[PDB]
Amino acid sequence: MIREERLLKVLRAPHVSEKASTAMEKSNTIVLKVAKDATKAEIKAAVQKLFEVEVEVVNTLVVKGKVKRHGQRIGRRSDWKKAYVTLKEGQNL
Amino acid sequence: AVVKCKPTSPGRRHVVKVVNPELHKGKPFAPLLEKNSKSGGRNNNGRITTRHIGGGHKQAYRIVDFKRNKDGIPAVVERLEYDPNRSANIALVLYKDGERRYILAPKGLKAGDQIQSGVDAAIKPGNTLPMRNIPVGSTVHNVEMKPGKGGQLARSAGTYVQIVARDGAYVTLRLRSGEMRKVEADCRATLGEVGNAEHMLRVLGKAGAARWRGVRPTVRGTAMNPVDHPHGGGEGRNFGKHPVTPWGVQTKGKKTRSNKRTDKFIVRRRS
Amino acid sequence: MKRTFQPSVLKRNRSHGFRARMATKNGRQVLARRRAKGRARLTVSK
RNA sequence: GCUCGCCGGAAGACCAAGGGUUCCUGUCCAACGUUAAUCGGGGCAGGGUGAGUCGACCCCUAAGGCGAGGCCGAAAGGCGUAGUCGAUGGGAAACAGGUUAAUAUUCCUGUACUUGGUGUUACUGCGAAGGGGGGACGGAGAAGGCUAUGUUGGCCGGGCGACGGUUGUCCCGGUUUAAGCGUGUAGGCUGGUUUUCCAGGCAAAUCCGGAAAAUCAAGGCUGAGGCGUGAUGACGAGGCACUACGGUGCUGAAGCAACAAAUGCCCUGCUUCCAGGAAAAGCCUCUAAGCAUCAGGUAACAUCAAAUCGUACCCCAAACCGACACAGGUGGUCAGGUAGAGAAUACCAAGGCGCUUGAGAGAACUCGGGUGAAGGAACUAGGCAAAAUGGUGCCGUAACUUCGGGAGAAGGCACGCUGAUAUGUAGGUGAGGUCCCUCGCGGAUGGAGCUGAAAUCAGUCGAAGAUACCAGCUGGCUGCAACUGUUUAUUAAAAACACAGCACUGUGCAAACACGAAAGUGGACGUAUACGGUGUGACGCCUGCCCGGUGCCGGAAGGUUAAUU
RNA sequence: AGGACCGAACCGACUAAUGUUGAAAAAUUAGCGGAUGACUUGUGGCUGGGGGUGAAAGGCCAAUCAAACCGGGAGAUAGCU
Ligand SMILES: [Mg+2]
Ligand SMILES: [Mg+2]
Ligand SMILES: [Mg+2]
Ligand SMILES: [Mg+2]
Ligand SMILES: [Mg+2]
Ligand SMILES: [Mg+2]
Ligand SMILES: [Mg+2]
Ligand SMILES: [Mg+2]
Ligand SMILES: [Mg+2]
Ligand SMILES: [Mg+2]
Ligand SMILES: [Mg+2]
Ligand SMILES: [Mg+2]
Ligand SMILES: [Mg+2]
Ligand SMILES: [Mg+2]
Ligand SMILES: [Mg+2]
Ligand SMILES: [Mg+2]
Ligand SMILES: [Mg+2]
Ligand SMILES: [Mg+2]
Ligand SMILES: [Mg+2]
Ligand SMILES: [Mg+2]
Ligand SMILES: [Mg+2]
Ligand SMILES: [Mg+2]
Ligand SMILES: [Mg+2]
Ligand SMILES: [Mg+2]
Ligand SMILES: [Mg+2]
Ligand SMILES: [Mg+2]
Ligand SMILES: [Mg+2]
Ligand SMILES: [Mg+2]
Ligand SMILES: [Mg+2]
Ligand SMILES: [Mg+2]
Ligand SMILES: [Mg+2]
Ligand SMILES: [Mg+2]
Ligand SMILES: [Mg+2]
Ligand SMILES: [Mg+2]
Ligand SMILES: [Mg+2]
Ligand SMILES: [Mg+2]
Ligand SMILES: [Mg+2]
Ligand SMILES: [Mg+2]
Ligand SMILES: [Mg+2]
Ligand SMILES: [Mg+2]
Ligand SMILES: [Mg+2]
Ligand SMILES: [Mg+2]
Ligand SMILES: [Mg+2]
Ligand SMILES: [Mg+2]
Ligand SMILES: [Mg+2]
Ligand SMILES: [Mg+2]
Ligand SMILES: [Mg+2]
Ligand SMILES: [Mg+2]
Ligand SMILES: [Mg+2]
Ligand SMILES: [Mg+2]
Ligand SMILES: [Mg+2]
């Protein structure tokens, strides 16, 4: 079993965009910004516990940060991971 | 047999083939095969240490029994086979107990013949005996140098050794080179001479034929610059030198044998 | 016209990478020299 | 938006490498873009990459690397055993439809499949670091059976024509459907089963190999495609409605047959040749120690798990390698129509483009092309360049020759369209029907329909019928090199190099020889019919005299002669 | 059958013209050679500088080759400009 500390610090933020909203309306899916090293099992456990819902499956992908220039110097935003969490068609956060 | 090709192209005009109908047509005996990769004449430093080697056809190694120490059990010849790794043909033999082995095929051997090794084997082609038990004057092949080590002399197609004398613990052999040599009488030899004696009548016919055997071209020294070979240089065709190897040693007549350890056994050099 | 630089990441890492440097005394001297110079990218890995 | 032009074995569509946000949306035009720019691969902000089955990761090895001990070496280090890494190779599993501005074999719908762990039940000899099988392998060639695919017919929907005609033998469009599951076909290979014995497989083995009997002769393995199902589903021309004009929502006909047909599949097959064609695991099987009414194995069912990383976009290119938005380079896959032998070539389809300065004018001269009176190599170092020849079928073809060639020698004739032979022939394919049997994806007969050359005869048009594109100039004498090949990347492709063949010479195996302070390694898991060096250079006829000089080989009496004493 | 023949892809590079501050630090256009083999090509590997490799041209070894490149001895030496 995963300890509650890990579950408390694997979720970071809910992703907000047009694709995320469409997924919520049509596929009953929430899109989350999660820790870079969280696994699908950890994400599923954390969603089931901290939001008290039932999840079918988790899809994950790593988003690479963009190279940017801020007044003549080149930076790079950090990579982050996002999860597509499919709920069990009765929960509706 | 020896077959001259029809001159239907310039590369075929001079080809002479050696065709043996008796040889097997199928795949060889898998349990007695292993892989040998090619070297290109390179040693373990990665450097060319023998020149004119490279390419050619892929080959597999046939484990050939040179010891012939399965004593007392008769064996029967099943089939003659082509061996890529040597000029002689090999014969697959079946021992009465169910073991199969490859041996060098002697002249006259054919499928169905009986062979045997040991001190009491009959004096027949293909039978291996210690040279103590072989009559003086016999022609043998696949001769050992040290007892129990495996045959080392007269293994190529058409070659044989003649037992000339028996003096005590040693026999005196006449090797194909013409050299008279002594070996211990306890070393074994196979009666009769190696088969495929027409192997030297073949004519490759074209340059590609030699490339198929893994032989690369030879550049004459007199065709190089002086920095490459002692023979190089000249305006036009010039020699004015005593012929030497690429490393400067005289190459027409100078003797290179230097082995005081084994001179006791050489009765007479090949002359 | 085939030019001389034909990129391949595997060969680049196997020839000039950090682990190829650390495999020999002379490679480790290369790394020591570059650390002394203060290079910001020590090998081709970065 | 309409019209015009260009590519279409690519200038279209995918994958690998490589690049890394160039992808999509909004906004901006200073700089960048060889001009303007409202545009952009530019600036700025935001969005976007979803996997048990695809790839990596993972199991297994190749060349090769590293390498405990070890051997060797002033030091540094070198080699290498047991091992352990290393793909460009072997190893389980998913398809069709739909959807976003941007991802989809990943999301959704439908239908599947693989491996492993647990639990229950039933049966039960399980067990490896070991044995055996298998995996597992070349080049060429020849078919036969198929499919992808196309064409035509039928069917369904629509049409009746801007100018003579067009209710028809007329015109346009559509006519699609997977994996899986069942069937085990065309065809390929192989005799099967039982018993007994055994110097073999490091021990054992019931497994493999070998031997001997008995008996049966049909049993096993592999296998494209078709057919059924998947699928009463999906898709579907088109029609109807809203459009916030990009498109959104709602329905939905027919969905068949014949013929032609691959370079794809059966096929890792078959035939043949010599130059004789990876490894290891997964997998099947056998036992050893060991365990023993346990563990373990087999089968059914249930349940759980299948993580992590990649996934946008370019990819013959403005995004990769060339300093450039550079006429260059860059591996693999797909492969429509008409003509054609064809992946050539011409015109087109799907699809994509008009190459990021224009507008005028119509001088010399330069570049790239067209034609040319009469002449026809007079040009020039030289027919350099250009012009010319050019297809298929048939007739015909010299010296010389190594008997294969020379030879496509040279030279010549026919060639379009229409009709008939013959309402479409020879041939190919082949339905219904009939009859058999081991009732089947069967055999024999039968021939409807479909497809269909080539030839002859007659007519006919033009200056010309291989009409375009495409597509040998030919012959005579001679030097050199036998020949196919190779070479001065970037002024030399040759007569130079190589070559098959020839000779000499070294080498008896711990070979000579080469790399190496060495250990070692190559030669070679080869053994004088072998290997190294040197010269010559197919083949034919041949290869003469000189051993004084310089080398090399042999000799060992005498003279001279080192360290040493 | 064949280092057989004609001929695309593919691999080359014989002739000519153009270009020569190029579109290009070796190309383009029209022709040309091989095109089942001593063929060609992808991926990975090995050989290292008096060394490699070379069907041999002193060719090639990162646009560098009768001795690569980088750093050091090094401010070499220069009866010469
Ligand atoms: Mg899913
Ligand atoms: Mg993923
Ligand atoms: Mg040689
Ligand atoms: Mg030779
Ligand atoms: Mg020369
Ligand atoms: Mg010299
Ligand atoms: Mg001369
Ligand atoms: Mg002279
Ligand atoms: Mg066109
Ligand atoms: Mg950017
Ligand atoms: Mg864009
Ligand atoms: Mg302006
Ligand atoms: Mg501008
Ligand atoms: Mg932009
Ligand atoms: Mg290894
Ligand atoms: Mg050690
Ligand atoms: Mg080592
Ligand atoms: Mg491994
Ligand atoms: Mg691979
Ligand atoms: Mg896309
Ligand atoms: Mg079909
Ligand atoms: Mg082909
Ligand atoms: Mg994509
Ligand atoms: Mg441009
Ligand atoms: Mg370009
Ligand atoms: Mg290419
Ligand atoms: Mg074309
Ligand atoms: Mg003009
Ligand atoms: Mg002109
Ligand atoms: Mg004229
Ligand atoms: Mg005229
Ligand atoms: Mg004339
Ligand atoms: Mg003249
Ligand atoms: Mg004149
Ligand atoms: Mg000309
Ligand atoms: Mg012309
Ligand atoms: Mg002359
Ligand atoms: Mg020649
Ligand atoms: Mg040149
Ligand atoms: Mg040239
Ligand atoms: Mg040795
Ligand atoms: Mg010569
Ligand atoms: Mg040819
Ligand atoms: Mg050209
Ligand atoms: Mg030719
Ligand atoms: Mg040709
Ligand atoms: Mg020279
Ligand atoms: Mg260079
Ligand atoms: Mg020097
Ligand atoms: Mg000094
Ligand atoms: Mg100075």
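All values below come from the heavy atoms of this structure, side chains included, with hydrogens, waters and symmetry mates left out. Sequence lines set the chain letters: A, B, ... in the order given, protein chains first and strands last, and positions in each chain run from 1.
When the side-chain nitrogen and oxygen atoms of B/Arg86 are compared with OP1 and OP2 of D/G526, one or more of them lie within a distance under 4.0 Å. The shortest distance between the side-chain N/O atoms of B/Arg216 and the OP1/OP2 oxygens of E/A55 is below 4.0 Å. Checking the phosphate oxygens (OP1, OP2) of D/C539, no side-chain nitrogen or oxygen of B/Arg13 falls inside 4.0 Å. OP1 or OP2 of D/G48 lies within a sub-4.0 Å distance of a side-chain N or O belonging to A/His15. Listed pair B/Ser156 / D/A528 meets the phosphate criterion, a side-chain N or O lying under 4.0 Å from OP1 or OP2. For D/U507, the OP1/OP2 oxygens have no side-chain nitrogen or oxygen of B/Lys255 closer than 4.0 Å. OP1 or OP2 of E/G48 has at least one side-chain nitrogen or oxygen of B/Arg47 nearer than 4.0 Å. At least one side-chain nitrogen or oxygen of B/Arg257 sits closer than 4.0 Å to the OP1 or OP2 atom of D/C509. Regarding contacts with the backbone of D/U49, a side-chain N or O of A/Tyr84 is found under 4.0 angstrom from either OP1 or OP2. Checking the phosphate oxygens (OP1, OP2) of D/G506, no side-chain nitrogen or oxygen of B/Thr251 falls inside 4.0 Å. Between C/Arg12 and E/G44 there is no side-chain polar atom (N or O) within less than 4.0 angstrom of OP1 or OP2. At the phosphate of D/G533, neither OP1 nor OP2 sits under 4.0 Å from any side-chain N or O atom of B/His229.
With ring centers used as reference points, B/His24 lies 6.0 Å or more from B/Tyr82.
A salt bridge is absent between B/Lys260 and B/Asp263; no separation between the charged side-chain nitrogens and carboxylate oxygens falls under 4.0 Å. Using a 4.0 Å cut-off between a side-chain N of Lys or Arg and a carboxylate O of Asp or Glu, B/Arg268 and B/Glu179 do not qualify as a salt bridge.
Using the Watson-Crick or G-U wobble rule with both distances under 3.5 Å, D/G396 pairs with nothing in any strand shown.
Between the base of D/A101 and the side chain of A/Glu18 there is a donor-acceptor pair shorter than 3.5 Å. Not a single donor-acceptor pair, N or O on each side, falls under 3.5 Å between the base of D/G535 and the side chain of B/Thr222.
Taking atom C1' on both D/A260 and D/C146, the two are 14 Å apart, rounded to the nearest angstrom. Straight-line distance between the P atoms of D/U356 and D/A339: roughly 39 Å, to the nearest whole Å. Separation of the P atoms belonging to D/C28 and D/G40 is 12 Å when rounded to the nearest angstrom. For the P atom pair drawn from D/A262 and D/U429, the interatomic distance equals 14 Å after rounding to whole Å. One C1' atom belongs to D/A258, the other to D/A448, and the distance between them is 13 Å to the nearest Å. Taking the P atom of each, D/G405 and D/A398 are spaced 14 Å apart, rounded to whole Å. For the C1' atom pair drawn from D/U527 and D/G532, the interatomic distance equals 14 Å after rounding to whole Å.
Panel note: side chain B/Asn196, backbone B/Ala88; no donor-acceptor pair is recorded below 3.5 Å.
Protein atom CD of B/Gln162 is 21 Å distant from nucleotide atom P of D/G508, rounded to whole Å. Between the CG atom of B/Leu173 and the P atom of D/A528 there is a distance of 12 Å, given to the nearest Å. In this structure, the NZ atom of B/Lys25 is 16 Å from the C1' atom of D/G138, given to the nearest Å.
Taken as a pair, D/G97 and D/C108 qualify: Watson-Crick (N1-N3 plus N6-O4 or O6-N4) or G-U wobble (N1-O2 and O6-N3), both under 3.5 Å. If you check D/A420 against D/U456, you find a Watson-Crick or G-U wobble pair, both contacts below 3.5 Å. The bases of D/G433 and D/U445 line up as a Watson-Crick or G-U pair, and both contact lengths stay under 3.5 Å.
Here B/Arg181 lies in heavy-atom contact (under 4.0 Å) with sugar-phosphate atoms only.
With RNA chain E read from its 5' end, the first of the two nearest nucleotides for B/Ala207 and C/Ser8 is the one closest to B/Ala207. Nearest-nucleotide positions on RNA chain E for B/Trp212 and B/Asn225 put B/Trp212 closer to the 5' end.
A donor-acceptor contact under 3.5 angstrom links the side chains of B/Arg257 and B/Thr262, judged on distance only.
D/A514 has no stacking from B/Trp247 on its base ring, since the centres under 5.5 angstrom apart and planes within 30 degrees of parallel are not both found. A distance cut-off of 5.5 Å between ring centres, combined with a plane angle under 30°, places B/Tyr61 in a stacking arrangement with the base of D/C525.
Among D/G277, D/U529, D/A278, the nucleotide with an atom closest to any side-chain atom of B/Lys35 is D/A278. Considering only side-chain atoms of C/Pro7, the nucleotide from D/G210, D/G501, D/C321 that sits closest is D/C321.
Judged by ring-centre distance under 5.5 Å and interplanar angle under 30°, strand neighbours D/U487 and D/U488 are not stacked.
Using cut-offs of 30° and 60° on the angle between ring planes, the pair B/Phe29 and B/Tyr102 is perpendicular.
A side chain to side chain contact (heavy atoms under 4.5 Å, CB included) with A/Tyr84 is found for one member of A/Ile30, A/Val58, A/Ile43, A/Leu61 and no other, namely A/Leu61.
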